[PDB]
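Novice: First the structure, then my questions, so here it is.
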C-alpha cells in the first residue's frame, strides 16, 4: 500500500537571504530517485526568492498560513493573493497558531474549507496537548479536530487534503514520542476516515508525522504502516533534511 | 513650523501582481516637487515586487506588521528577517490588529521597542473607539496608549517614531470625523509629548491622520496645524493617492 509520500519542510519564522539560498542550492543538487512530493513552506517574505531560485521538479512551495479573503486585515495575507502569486500549497492550523494566535477547531476548518475551494493542496494539522494525552483523551481530541474539518468538505475535496499529526504533548515538554506511539495515533486517524468518509479516501490519504524528526529517527518512523511522510520543523533548515527525504523510499 | 510630511499608503490585505504593477508604474511617473516622504506598506508577499519595481526616490517601502524575533512562530514574520530583506519601515499597532488579532497596548509597545532597537523607522498607531469617544474618554484613551509606548523608549529613540492618529470611532460606524476633530486629537497628542518628553521632540514629531482621506478632503485636513500627513487606507490602492501626496505641499 502507501500512497506517495510527502516530505514537507516547515521553515517557520526563520531565514535570511544568504542562508536560504545556500540551502536551495543544496536541494537543486540533490538526486531524488523515488516518487516523493517535497514541500517547502517559507515565510511570506521569502516566497519570491524561493519561487525564482528553487528548480528541482520534485519540490513545490507552500505558505505557512493565510486568511480566507482579501480586505481590511492589516498585516495578513489572504488565499487570493497567494493563488495569484502562484502558490498552490498551504499549511493550516499548526499547533503554534492554535496555541498563540487564537485558532480554534472551527477557524482552522473554515480556512481549510476556503483553501480547498480555491484549489489549494492543504496540509492540515491536528494533535493533542500533554494534558489531553495524560487524561487519556487522545482519541476524542484528535477525532474532534478531524471531524470539525470534515464537516465542511465533500468526498471529492479530500482529494486535496493531507493530514499532519502533531504530538504536541511531546513538543517541548520533556516527553518523548516513540515510533509506536506515532503509529497508533496515525492508525486511529486512518480508521476514522475509512468509517466516516470511505475506505477509498482512507487508503489514499496521506498522514504526515509532525513531531521531532531527524536523519537518525526518520527511517524507523517511515517504516510505520500508517506514516506517509513528515512535516519537519528544525531539521528542515539544515542539510540533514536531505536525509529525511531519502528515508521515504 | 511643520516637519517633513509623510504620505503613507497602507495596502492592507489587498493586491494582485497586475494591479500592483500598474499602480507602481503610475508612482514612478509622478512628479513630486516638494519634500515629502512617501511610504508604501504592501503585504509581505508583495514586498519583493515592490522593492524591485518601485524606483521613485521619494518612496520607501514598509511592512504592515511583524513580531520581535525569529523562531517557532509558524505563519509569522520577524523584525530580523525584514531587516535582512532591506525593509526599514514598519507600521505597528493598527486598530485592525488591536481589534482582531489580540494586540494590547503593551504588545504594541513591545513591538515598537524592538523595531526601533533594530533601527526601523516606525509608524505607530493609536486611537479611541466609538464607546470611548461617546463617554468622553478620548484624552485618557489616547494618552494611555502613547504613554505605554513612551515607557519603553528613550529620548533619542523618538527620532525614529511617527505617530498615526486613528479615529476608530469614525471607522465603519456611521460617524464622520471633521478636520476640526482631527486637529483636536492631534493637538492633544502633541502637547503630551512636549510635556512628558520635550518641546524639542514634540516640534519635530510627525503625527499622521489615519482616518478616511481622499483627494477631496486631503488638503483641508493637511491645512490643520498639527496634521503632518496621512496613513491612507482604500484611496491608497487607487490613482487618487497621487492627489493625497500633492495635498502635502
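Going by Swiss-Prot, the residues shown for chain A are 2-250, listed in order.
Method reported for this entry: X-ray crystallography, 2.1 Å.
Backbone N, Cα and C define each Cβ position, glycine as well.
From Swiss-Prot, here are the annotated features:
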- A:95: active site, electrophile (ACT_SITE)
- A:167: active site, proton acceptor (ACT_SITE)
- A:11, A:13: substrate binding site (BINDING)
Novice: Look up residue A:13 (substrate binding site) in the DSSP assignment and report helix, strand or coil.
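Specialist: Its secondary structure by DSSP: coil.
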Novice: With an 8 Å cut-off on Cβ-Cβ distance and a minimum sequence separation of at least 6, pull the same-chain contacts of residue A:11 (substrate binding site), or say none.
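Specialist: Spatial neighbours, sequence-distant, of residue A:11 (substrate binding site): A:42, A:65, A:92, A:95, A:232, A:233, A:234, A:237.
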Novice: Between residue A:167 (active site, proton acceptor) and residue A:13 (substrate binding site), what is the CA-CA distance rounded to a whole number of Å?
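Specialist: That comes out at 15 Å between the alpha carbons.
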Novice: Under 8 Å Cβ to Cβ from residue A:13 (substrate binding site), same chain, six or more residues apart: give me those in sequence order, or none if nothing qualifies.
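Specialist: Counting only residues 6 or more apart in sequence, the Cβ neighbours of residue A:13 (substrate binding site) under 8 Å are A:65, A:97, A:234.
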